[PDB]
Each structure stands twice: as C-alpha cells, then as structure tokens.
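Visitor: Sharing query.cif, mmCIF, N, CA, C and O atoms:
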```cif
data_input
#
loop_
_atom_site.label_atom_id
_atom_site.label_comp_id
_atom_site.auth_asym_id
_atom_site.auth_seq_id
_atom_site.Cartn_x
_atom_site.Cartn_y
_atom_site.Cartn_z
N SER A 1 -11.58 2.21 -11.10
CA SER A 1 -12.20 3.53 -11.22
C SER A 1 -11.55 4.35 -12.34
O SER A 1 -11.40 5.57 -12.23
N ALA A 2 -11.17 3.68 -13.43
CA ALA A 2 -10.70 4.40 -14.60
C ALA A 2 -11.85 5.16 -15.26
O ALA A 2 -11.70 6.32 -15.66
N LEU A 3 -13.01 4.52 -15.36
CA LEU A 3 -14.20 5.13 -15.94
C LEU A 3 -15.02 5.83 -14.85
O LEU A 3 -16.15 5.46 -14.54
N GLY A 4 -14.41 6.86 -14.27
CA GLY A 4 -15.04 7.54 -13.14
C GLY A 4 -16.29 8.30 -13.52
O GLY A 4 -17.31 8.22 -12.83
N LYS A 5 -16.23 9.07 -14.60
CA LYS A 5 -17.33 9.97 -14.95
C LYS A 5 -18.58 9.18 -15.34
O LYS A 5 -19.69 9.52 -14.92
N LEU A 6 -18.40 8.13 -16.13
CA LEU A 6 -19.54 7.33 -16.58
C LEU A 6 -20.18 6.59 -15.41
O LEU A 6 -21.42 6.55 -15.28
N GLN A 7 -19.35 6.01 -14.55
CA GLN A 7 -19.87 5.34 -13.36
C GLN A 7 -20.59 6.34 -12.46
O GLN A 7 -21.59 6.00 -11.82
N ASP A 8 -20.09 7.57 -12.40
CA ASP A 8 -20.74 8.61 -11.62
C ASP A 8 -22.11 8.95 -12.19
O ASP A 8 -23.06 9.18 -11.44
N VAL A 9 -22.23 8.99 -13.52
CA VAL A 9 -23.54 9.21 -14.13
C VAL A 9 -24.51 8.11 -13.73
O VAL A 9 -25.65 8.37 -13.33
N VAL A 10 -24.06 6.86 -13.84
CA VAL A 10 -24.94 5.74 -13.48
C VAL A 10 -25.35 5.82 -12.02
O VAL A 10 -26.52 5.63 -11.67
N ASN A 11 -24.39 6.12 -11.14
CA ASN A 11 -24.69 6.19 -9.72
C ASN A 11 -25.65 7.33 -9.41
O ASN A 11 -26.53 7.18 -8.56
N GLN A 12 -25.48 8.47 -10.07
CA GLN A 12 -26.39 9.59 -9.84
C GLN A 12 -27.81 9.25 -10.24
O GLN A 12 -28.77 9.57 -9.52
N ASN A 13 -27.98 8.59 -11.39
CA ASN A 13 -29.33 8.23 -11.80
C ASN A 13 -29.95 7.21 -10.86
O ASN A 13 -31.13 7.31 -10.49
N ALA A 14 -29.16 6.22 -10.44
CA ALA A 14 -29.66 5.24 -9.48
C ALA A 14 -30.03 5.91 -8.16
O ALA A 14 -31.06 5.58 -7.56
N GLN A 15 -29.22 6.87 -7.72
CA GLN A 15 -29.50 7.60 -6.49
C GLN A 15 -30.82 8.35 -6.60
O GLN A 15 -31.63 8.34 -5.67
N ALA A 16 -31.04 9.03 -7.73
CA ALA A 16 -32.26 9.80 -7.89
C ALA A 16 -33.49 8.90 -7.86
O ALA A 16 -34.45 9.17 -7.13
N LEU A 17 -33.47 7.80 -8.62
CA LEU A 17 -34.62 6.91 -8.61
C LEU A 17 -34.83 6.30 -7.22
O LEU A 17 -35.97 6.16 -6.76
N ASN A 18 -33.74 5.94 -6.54
CA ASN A 18 -33.87 5.30 -5.24
C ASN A 18 -34.48 6.25 -4.22
O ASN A 18 -35.37 5.86 -3.46
N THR A 19 -34.01 7.50 -4.17
CA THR A 19 -34.60 8.44 -3.21
C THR A 19 -36.04 8.76 -3.58
O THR A 19 -36.88 8.95 -2.69
N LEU A 20 -36.35 8.80 -4.88
CA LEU A 20 -37.74 9.02 -5.27
C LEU A 20 -38.64 7.92 -4.75
O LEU A 20 -39.75 8.18 -4.27
N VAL A 21 -38.18 6.67 -4.82
CA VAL A 21 -38.98 5.56 -4.28
C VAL A 21 -39.03 5.61 -2.76
O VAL A 21 -40.05 5.29 -2.16
N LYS A 22 -37.93 6.02 -2.12
CA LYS A 22 -37.92 6.09 -0.66
C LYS A 22 -38.91 7.11 -0.14
O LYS A 22 -39.44 6.95 0.97
N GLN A 23 -39.16 8.18 -0.90
CA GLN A 23 -40.09 9.22 -0.43
C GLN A 23 -41.48 8.68 -0.14
O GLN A 23 -42.22 9.28 0.64
N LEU A 24 -41.87 7.57 -0.78
CA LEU A 24 -43.20 7.02 -0.54
C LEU A 24 -43.40 6.63 0.92
O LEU A 24 -44.46 6.87 1.49
N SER A 25 -42.39 6.02 1.53
CA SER A 25 -42.51 5.59 2.91
C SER A 25 -42.63 6.78 3.86
O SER A 25 -43.10 6.62 4.99
N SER A 26 -42.18 7.96 3.44
CA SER A 26 -42.21 9.13 4.31
C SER A 26 -43.64 9.49 4.69
O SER A 26 -44.57 9.38 3.89
N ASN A 27 -43.81 9.91 5.95
CA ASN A 27 -45.14 10.15 6.49
C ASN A 27 -45.76 11.41 5.91
O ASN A 27 -46.97 11.44 5.64
N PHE A 28 -44.96 12.46 5.73
CA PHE A 28 -45.39 13.75 5.19
C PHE A 28 -46.40 14.46 6.08
O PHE A 28 -47.18 15.27 5.59
N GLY A 29 -46.40 14.16 7.38
CA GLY A 29 -47.28 14.83 8.31
C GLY A 29 -48.67 14.24 8.44
O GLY A 29 -49.47 14.75 9.23
N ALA A 30 -48.98 13.18 7.71
CA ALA A 30 -50.25 12.49 7.86
C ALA A 30 -50.15 11.44 8.96
O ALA A 30 -49.09 11.22 9.54
N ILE A 31 -51.28 10.79 9.25
CA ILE A 31 -51.29 9.82 10.34
C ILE A 31 -50.48 8.59 9.97
O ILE A 31 -49.88 7.94 10.83
N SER A 32 -50.46 8.23 8.68
CA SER A 32 -49.70 7.08 8.21
C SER A 32 -49.33 7.30 6.74
O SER A 32 -50.02 8.01 6.01
N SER A 33 -48.23 6.68 6.33
CA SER A 33 -47.75 6.84 4.96
C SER A 33 -48.55 5.98 3.99
O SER A 33 -48.86 6.44 2.88
N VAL A 34 -48.86 4.75 4.35
CA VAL A 34 -49.55 3.85 3.43
C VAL A 34 -50.97 4.34 3.21
O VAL A 34 -51.72 4.60 4.17
N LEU A 35 -51.35 4.50 1.95
CA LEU A 35 -52.57 5.22 1.61
C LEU A 35 -53.81 4.38 1.89
O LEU A 35 -54.86 4.91 2.29
N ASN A 36 -53.73 3.07 1.66
CA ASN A 36 -54.88 2.22 1.95
C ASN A 36 -55.24 2.26 3.43
O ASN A 36 -56.42 2.25 3.79
N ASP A 37 -54.23 2.32 4.30
CA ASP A 37 -54.48 2.36 5.73
C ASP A 37 -55.16 3.66 6.14
O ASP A 37 -56.14 3.65 6.89
N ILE A 38 -54.66 4.80 5.64
CA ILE A 38 -55.29 6.07 5.97
C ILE A 38 -56.71 6.13 5.42
O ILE A 38 -57.61 6.72 6.03
N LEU A 39 -56.95 5.51 4.26
CA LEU A 39 -58.32 5.42 3.77
C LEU A 39 -59.19 4.58 4.69
O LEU A 39 -60.33 4.94 5.00
N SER A 40 -58.65 3.44 5.16
CA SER A 40 -59.48 2.43 5.79
C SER A 40 -60.03 2.89 7.13
O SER A 40 -61.22 2.72 7.41
N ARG A 41 -59.19 3.49 7.98
CA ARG A 41 -59.54 3.74 9.37
C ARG A 41 -59.86 5.20 9.66
O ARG A 41 -59.62 5.66 10.78
N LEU A 42 -60.38 5.94 8.68
CA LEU A 42 -60.96 7.25 8.93
C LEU A 42 -62.15 7.47 8.01
O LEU A 42 -62.25 6.87 6.93
N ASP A 43 -63.06 8.33 8.45
CA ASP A 43 -64.19 8.71 7.62
C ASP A 43 -63.70 9.56 6.44
O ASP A 43 -62.70 10.26 6.55
N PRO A 44 -64.39 9.49 5.31
CA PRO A 44 -63.93 10.18 4.10
C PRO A 44 -63.72 11.67 4.32
O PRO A 44 -62.71 12.22 3.86
N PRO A 45 -64.63 12.38 5.01
CA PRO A 45 -64.37 13.82 5.25
C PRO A 45 -63.06 14.08 5.98
O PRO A 45 -62.31 14.99 5.61
N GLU A 46 -62.77 13.30 7.03
CA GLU A 46 -61.52 13.49 7.75
C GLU A 46 -60.34 12.91 6.98
O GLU A 46 -59.27 13.52 6.94
N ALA A 47 -60.53 11.75 6.35
CA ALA A 47 -59.44 11.12 5.61
C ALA A 47 -58.97 11.99 4.46
O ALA A 47 -57.82 11.87 4.01
N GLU A 48 -59.86 12.83 3.94
CA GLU A 48 -59.49 13.70 2.82
C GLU A 48 -58.29 14.57 3.17
O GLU A 48 -57.40 14.76 2.34
N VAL A 49 -58.25 15.10 4.39
CA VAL A 49 -57.17 16.01 4.78
C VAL A 49 -55.83 15.27 4.83
O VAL A 49 -54.81 15.76 4.31
N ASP B 1 -85.74 21.56 3.55
CA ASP B 1 -86.10 20.27 4.12
C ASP B 1 -86.55 20.46 5.56
O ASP B 1 -85.82 21.05 6.37
N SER B 2 -87.74 19.96 5.87
CA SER B 2 -88.36 20.10 7.18
C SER B 2 -88.50 18.74 7.84
O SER B 2 -88.97 17.78 7.20
N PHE B 3 -88.07 18.65 9.10
CA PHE B 3 -88.26 17.48 9.94
C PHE B 3 -88.10 17.91 11.39
O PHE B 3 -87.56 18.98 11.68
N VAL B 4 -88.58 17.07 12.31
CA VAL B 4 -88.51 17.34 13.74
C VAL B 4 -87.66 16.26 14.39
O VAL B 4 -87.90 15.06 14.19
N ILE B 5 -86.67 16.68 15.18
CA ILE B 5 -85.74 15.79 15.85
C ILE B 5 -85.35 16.39 17.20
O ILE B 5 -85.59 17.56 17.48
N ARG B 6 -84.74 15.56 18.04
CA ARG B 6 -84.33 15.98 19.37
C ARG B 6 -83.03 16.77 19.33
O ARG B 6 -82.39 16.92 18.28
N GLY B 7 -82.63 17.28 20.49
CA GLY B 7 -81.48 18.17 20.56
C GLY B 7 -80.18 17.50 20.15
O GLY B 7 -79.35 18.12 19.48
N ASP B 8 -79.98 16.25 20.55
CA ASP B 8 -78.77 15.54 20.13
C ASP B 8 -78.77 15.31 18.62
O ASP B 8 -77.72 15.41 17.97
N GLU B 9 -79.93 15.00 18.06
CA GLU B 9 -80.02 14.84 16.61
C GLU B 9 -79.70 16.14 15.89
O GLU B 9 -79.26 16.12 14.73
N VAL B 10 -79.94 17.28 16.54
CA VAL B 10 -79.57 18.57 15.96
C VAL B 10 -78.07 18.64 15.72
O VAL B 10 -77.61 19.09 14.66
N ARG B 11 -77.28 18.21 16.70
CA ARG B 11 -75.85 18.05 16.47
C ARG B 11 -75.60 17.01 15.38
O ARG B 11 -74.72 17.18 14.54
N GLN B 12 -76.40 15.94 15.38
CA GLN B 12 -76.16 14.84 14.46
C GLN B 12 -76.29 15.27 13.00
O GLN B 12 -75.61 14.72 12.13
N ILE B 13 -77.15 16.24 12.71
CA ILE B 13 -77.38 16.62 11.32
C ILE B 13 -76.35 17.67 10.90
O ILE B 13 -76.59 18.88 10.98
N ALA B 14 -75.19 17.19 10.48
CA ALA B 14 -74.09 17.99 9.97
C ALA B 14 -73.40 17.22 8.85
O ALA B 14 -73.43 15.99 8.84
N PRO B 15 -72.76 17.91 7.91
CA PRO B 15 -72.11 17.21 6.80
C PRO B 15 -70.95 16.36 7.29
O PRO B 15 -70.06 16.83 8.00
N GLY B 16 -70.97 15.08 6.91
CA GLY B 16 -69.94 14.14 7.29
C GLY B 16 -70.07 13.57 8.68
O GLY B 16 -69.25 12.73 9.07
N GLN B 17 -71.08 13.98 9.44
CA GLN B 17 -71.27 13.45 10.78
C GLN B 17 -71.88 12.05 10.71
O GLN B 17 -72.58 11.71 9.75
N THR B 18 -71.61 11.24 11.73
CA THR B 18 -72.06 9.86 11.78
C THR B 18 -72.90 9.64 13.03
O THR B 18 -72.43 9.90 14.15
N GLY B 19 -74.13 9.18 12.84
CA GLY B 19 -75.02 8.88 13.94
C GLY B 19 -76.22 8.10 13.44
O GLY B 19 -76.43 7.94 12.24
N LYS B 20 -77.01 7.62 14.40
CA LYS B 20 -78.15 6.76 14.08
C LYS B 20 -79.08 7.43 13.08
O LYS B 20 -79.50 6.82 12.10
N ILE B 21 -79.42 8.70 13.33
CA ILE B 21 -80.16 9.47 12.34
C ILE B 21 -79.29 9.73 11.11
O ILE B 21 -79.76 9.63 9.97
N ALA B 22 -78.01 10.05 11.32
CA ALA B 22 -77.14 10.39 10.20
C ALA B 22 -76.90 9.18 9.31
O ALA B 22 -76.85 9.31 8.08
N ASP B 23 -76.73 7.99 9.90
CA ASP B 23 -76.47 6.81 9.09
C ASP B 23 -77.67 6.43 8.23
O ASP B 23 -77.52 6.15 7.04
N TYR B 24 -78.87 6.43 8.81
CA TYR B 24 -80.03 5.89 8.12
C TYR B 24 -81.12 6.91 7.87
O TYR B 24 -81.64 6.99 6.75
N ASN B 25 -81.50 7.70 8.87
CA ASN B 25 -82.65 8.59 8.72
C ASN B 25 -82.40 9.66 7.67
O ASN B 25 -83.20 9.84 6.75
N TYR B 26 -81.28 10.37 7.78
CA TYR B 26 -81.02 11.51 6.91
C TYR B 26 -79.52 11.74 6.83
O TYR B 26 -78.84 11.75 7.86
N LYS B 27 -79.01 11.93 5.62
CA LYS B 27 -77.58 12.08 5.39
C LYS B 27 -77.32 13.37 4.62
O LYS B 27 -77.97 13.63 3.61
N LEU B 28 -76.37 14.16 5.10
CA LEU B 28 -75.96 15.34 4.37
C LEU B 28 -74.83 14.99 3.40
O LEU B 28 -73.98 14.16 3.73
N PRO B 29 -74.79 15.60 2.23
CA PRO B 29 -73.75 15.26 1.25
C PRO B 29 -72.39 15.79 1.67
O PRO B 29 -72.27 16.72 2.48
N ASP B 30 -71.35 15.18 1.11
CA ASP B 30 -69.97 15.62 1.35
C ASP B 30 -69.68 16.83 0.46
O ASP B 30 -68.83 16.82 -0.43
N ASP B 31 -70.43 17.89 0.73
CA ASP B 31 -70.41 19.13 -0.03
C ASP B 31 -71.15 20.16 0.82
O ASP B 31 -71.88 19.80 1.74
N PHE B 32 -70.95 21.43 0.50
CA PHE B 32 -71.54 22.48 1.32
C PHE B 32 -73.05 22.34 1.37
O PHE B 32 -73.71 22.20 0.33
N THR B 33 -73.59 22.35 2.58
CA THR B 33 -75.02 22.45 2.81
C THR B 33 -75.31 23.88 3.23
O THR B 33 -74.65 24.40 4.13
N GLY B 34 -76.30 24.51 2.58
CA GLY B 34 -76.46 25.95 2.72
C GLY B 34 -76.54 26.40 4.16
O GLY B 34 -75.64 27.08 4.66
N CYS B 35 -77.59 25.99 4.87
CA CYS B 35 -77.70 26.30 6.29
C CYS B 35 -78.54 25.25 6.99
O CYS B 35 -79.33 24.54 6.36
N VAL B 36 -78.36 25.16 8.30
CA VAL B 36 -79.11 24.27 9.17
C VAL B 36 -79.64 25.11 10.32
O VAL B 36 -78.86 25.74 11.05
N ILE B 37 -80.96 25.15 10.46
CA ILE B 37 -81.66 25.99 11.42
C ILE B 37 -82.45 25.07 12.34
O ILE B 37 -83.30 24.31 11.87
N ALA B 38 -82.17 25.14 13.64
CA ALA B 38 -82.79 24.25 14.60
C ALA B 38 -83.31 25.04 15.79
O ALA B 38 -82.59 25.88 16.34
N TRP B 39 -84.55 24.78 16.18
CA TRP B 39 -85.11 25.33 17.40
C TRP B 39 -86.05 24.30 18.03
O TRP B 39 -86.66 23.49 17.33
N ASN B 40 -86.14 24.35 19.35
CA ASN B 40 -86.98 23.40 20.08
C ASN B 40 -88.46 23.69 19.84
O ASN B 40 -88.88 24.85 19.79
N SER B 41 -89.24 22.63 19.70
CA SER B 41 -90.67 22.73 19.42
C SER B 41 -91.51 22.05 20.50
O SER B 41 -92.58 21.51 20.20
N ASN B 42 -91.04 22.07 21.75
CA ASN B 42 -91.74 21.36 22.81
C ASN B 42 -93.16 21.88 23.00
O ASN B 42 -94.09 21.10 23.23
N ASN B 43 -93.34 23.20 22.91
CA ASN B 43 -94.68 23.77 23.02
C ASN B 43 -95.58 23.29 21.89
O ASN B 43 -96.78 23.08 22.10
N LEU B 44 -95.02 23.13 20.69
CA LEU B 44 -95.82 22.67 19.56
C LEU B 44 -96.23 21.21 19.73
O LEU B 44 -97.34 20.82 19.34
N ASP B 45 -95.34 20.39 20.28
CA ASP B 45 -95.66 18.98 20.51
C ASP B 45 -96.80 18.84 21.52
O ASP B 45 -97.92 18.50 21.15
#
```
For this file, write the structure as structure tokens.
Guide:
Amino acid sequence: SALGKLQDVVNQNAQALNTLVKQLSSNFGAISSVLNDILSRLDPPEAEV
Amino acid sequence: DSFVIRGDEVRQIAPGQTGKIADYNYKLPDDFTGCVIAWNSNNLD
C-alpha cells in the first residue's frame, strides 16, 4: 500500500461503476425489476405506470 | 360514434379495458377519449 492514493482512485471508480450496475436489479417500487417481465405480464396501460 | 350494447358492455367500453366487445367489436385508443355517454334503450328495442 505504498501507492495508496492511486489505488484509491482506481477503487473509487470501480465502486461507482459497480453500484451503478447494481442499481438495475433494484425494484424501485415496481412489481418487478426486470423490464421484459413487467412488460410481458401486464396490459400496456397498467404496465406504463 | 353511435352503437347499442348491453349494460356490461357499457363498462367494457373504456380506454385500455379488455373484453369480448373491447377485444374485437370496438377498441378505444390508449389516449384520452372525449366522453362516453350510455343510457338504456329497452323501450326503443
């Protein structure tokens, strides 16, 4: 850990991208996170919400 | 638009609703429909 600051920069960027990708799995208050599934099993007027 | 339908079909004719009349007979668009006016016409029949 001699190169602490540079490794910290790399880790911070990896952390940001990783959490950004993790947000996709989050439900966000809808019936399901995966978008094809929410499209498939509801009518378009209801699925829109 | 003028047509004659039964009381249940009156419920059926709404935007985004699904029913035998709604699926095939008559479909409302997924957009505002101005108004829907329904009254029984048994005396006229």
Visitor: Given a cut-off of 7 Å, which residues of chain A touch chain B, counting all atoms listed in the file, written out as a compact mmCIF listing (two decimals) with N, CA, C and O atoms, in the frame of the given file?
Guide:
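New file out.txt:
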```txt
# COMPACT_ATOMS: atom_id res chain seq x y z
N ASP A 43 -63.06 8.33 8.45
CA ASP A 43 -64.19 8.71 7.62
C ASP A 43 -63.70 9.56 6.44
O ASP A 43 -62.70 10.26 6.55
N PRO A 44 -64.39 9.49 5.31
CA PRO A 44 -63.93 10.18 4.10
C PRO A 44 -63.72 11.67 4.32
O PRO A 44 -62.71 12.22 3.86
N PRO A 45 -64.63 12.38 5.01
CA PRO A 45 -64.37 13.82 5.25
C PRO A 45 -63.06 14.08 5.98
O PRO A 45 -62.31 14.99 5.61
N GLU A 46 -62.77 13.30 7.03
CA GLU A 46 -61.52 13.49 7.75
C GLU A 46 -60.34 12.91 6.98
O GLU A 46 -59.27 13.52 6.94
```
Visitor: So what do you get for atom CA of residue A:41 versus atom CA of residue B:22, distance-wise?
Guide: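 Atom-to-atom, atom CA of residue A:41 and atom CA of residue B:22 are spaced 18.8 Å apart.
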Visitor: Once DSSP has gone over the backbone, tell me which residues of chain A are in helix (DSSP H, G or I), as a PyMOL selection string.
Guide: chain A and resi 4-25+35-40+44-48
Visitor: If we count all atoms listed in the file and set the cut-off at 8 Å, which residues sit around residue B:10, ignoring sequence neighbours fewer than 2 positions away in its own chain? Please answer as JSON, numbers by chain.
Guide: {"B": [5, 6, 7, 8, 12, 13, 14, 36, 37, 38, 39]}
Visitor: Write a file of the selected residues as a PDB file, keeping the file's coordinate frame, keeping N, CA, C and O atoms.
Guide:
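For reference, again-v3.pdb as written:
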```
ATOM      1  N   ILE B   5     -86.670  16.680  15.180  1.00  0.00           N
ATOM      2  CA  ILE B   5     -85.740  15.790  15.850  1.00  0.00           C
ATOM      3  C   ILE B   5     -85.350  16.390  17.200  1.00  0.00           C
ATOM      4  O   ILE B   5     -85.590  17.560  17.480  1.00  0.00           O
ATOM      5  N   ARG B   6     -84.740  15.560  18.040  1.00  0.00           N
ATOM      6  CA  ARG B   6     -84.330  15.980  19.370  1.00  0.00           C
ATOM      7  C   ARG B   6     -83.030  16.770  19.330  1.00  0.00           C
ATOM      8  O   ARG B   6     -82.390  16.920  18.280  1.00  0.00           O
ATOM      9  N   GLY B   7     -82.630  17.280  20.490  1.00  0.00           N
ATOM     10  CA  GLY B   7     -81.480  18.170  20.560  1.00  0.00           C
ATOM     11  C   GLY B   7     -80.180  17.500  20.150  1.00  0.00           C
ATOM     12  O   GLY B   7     -79.350  18.120  19.480  1.00  0.00           O
ATOM     13  N   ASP B   8     -79.980  16.250  20.550  1.00  0.00           N
ATOM     14  CA  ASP B   8     -78.770  15.540  20.130  1.00  0.00           C
ATOM     15  C   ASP B   8     -78.770  15.310  18.620  1.00  0.00           C
ATOM     16  O   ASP B   8     -77.720  15.410  17.970  1.00  0.00           O
ATOM     17  N   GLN B  12     -76.400  15.940  15.380  1.00  0.00           N
ATOM     18  CA  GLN B  12     -76.160  14.840  14.460  1.00  0.00           C
ATOM     19  C   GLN B  12     -76.290  15.270  13.000  1.00  0.00           C
ATOM     20  O   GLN B  12     -75.610  14.720  12.130  1.00  0.00           O
ATOM     21  N   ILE B  13     -77.150  16.240  12.710  1.00  0.00           N
ATOM     22  CA  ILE B  13     -77.380  16.620  11.320  1.00  0.00           C
ATOM     23  C   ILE B  13     -76.350  17.670  10.900  1.00  0.00           C
ATOM     24  O   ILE B  13     -76.590  18.880  10.980  1.00  0.00           O
ATOM     25  N   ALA B  14     -75.190  17.190  10.480  1.00  0.00           N
ATOM     26  CA  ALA B  14     -74.090  17.990   9.970  1.00  0.00           C
ATOM     27  C   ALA B  14     -73.400  17.220   8.850  1.00  0.00           C
ATOM     28  O   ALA B  14     -73.430  15.990   8.840  1.00  0.00           O
ATOM     29  N   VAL B  36     -78.360  25.160   8.300  1.00  0.00           N
ATOM     30  CA  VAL B  36     -79.110  24.270   9.170  1.00  0.00           C
ATOM     31  C   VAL B  36     -79.640  25.110  10.320  1.00  0.00           C
ATOM     32  O   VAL B  36     -78.860  25.740  11.050  1.00  0.00           O
ATOM     33  N   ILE B  37     -80.960  25.150  10.460  1.00  0.00           N
ATOM     34  CA  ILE B  37     -81.660  25.990  11.420  1.00  0.00           C
ATOM     35  C   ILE B  37     -82.450  25.070  12.340  1.00  0.00           C
ATOM     36  O   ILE B  37     -83.300  24.310  11.870  1.00  0.00           O
ATOM     37  N   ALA B  38     -82.170  25.140  13.640  1.00  0.00           N
ATOM     38  CA  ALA B  38     -82.790  24.250  14.600  1.00  0.00           C
ATOM     39  C   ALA B  38     -83.310  25.040  15.790  1.00  0.00           C
ATOM     40  O   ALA B  38     -82.590  25.880  16.340  1.00  0.00           O
ATOM     41  N   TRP B  39     -84.550  24.780  16.180  1.00  0.00           N
ATOM     42  CA  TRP B  39     -85.110  25.330  17.400  1.00  0.00           C
ATOM     43  C   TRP B  39     -86.050  24.300  18.030  1.00  0.00           C
ATOM     44  O   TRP B  39     -86.660  23.490  17.330  1.00  0.00           O
TER      45      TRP B  39
END
```
Visitor: What is the atom C of residue B:25-atom C of residue A:49 distance in Å, reported with one decimal?
Guide: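 That distance, rounded to one decimal, is 27.3 Å.
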Visitor: By how many Å are atom CA of residue B:27 and atom CA of residue B:11 apart?
Guide: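 Computing the Euclidean distance for atom CA of residue B:27 and atom CA of residue B:11 yields 12.7 Å.
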